[PDB]
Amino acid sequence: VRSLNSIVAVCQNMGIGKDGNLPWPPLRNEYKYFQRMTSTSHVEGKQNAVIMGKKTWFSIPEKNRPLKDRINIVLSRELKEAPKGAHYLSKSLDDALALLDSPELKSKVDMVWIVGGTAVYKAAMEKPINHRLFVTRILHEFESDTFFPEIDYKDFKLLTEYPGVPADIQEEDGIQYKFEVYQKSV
């Protein structure tokens, strides 16, 4: 595939989850951002693909599965078949990448988004391919049991601006956050 996109929300301690959920209570606007970025294809007749770990998949309320308007691919070394509602199951990122290139998919897919968790982000980060990381930095700390892997600031250059991404510090529910885009060129 040409390039990857990863999206995540992190707090000050780099936590991304706690007890099978997000460490903070609901933020409406941040959520809509994720929906908008992951769902928006720039080609008619094509849809985006989202890739995610098993834990992540099960974290989404069942009635909300699969994420509407995207091809959901779950990764698992243990499952035998895609969980009820997922489009495809893959045993590794590589496998997932190959499937995407498959003829049946290739023409059906616009963008590939990596939606975590940890191991998923890590794996994608290490692929020597063009990659854009969309980070929402929540400017507070919350107790977390799961964390975002360390990004190589030598590879991933923070962009100072990106089309459609608000620049300023945002606030909602008394919480401040900022959007940042990092880009790796291969």
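In case it trips you up, residue 1 is the first one in the sequence shown, and so on.
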query: Of 113-121 and 31-39, the one with larger mean CA B-factor; finding: 31-39
query: Mean C-alpha B-factor comparison - 97-105 and 73-81, higher one; finding: 97-105
query: Identity of residue with top Cα B-factor, from 127, 137, 132, 55; finding: 127
query: From 22, 9, 175, 169, residue of greatest CA B-factor; finding: 169
query: Third of chain Cα B-factors occupied by residue 183; finding: middle
query: For residue 45, the third of its chain into which the C-alpha B factor falls; finding: highest
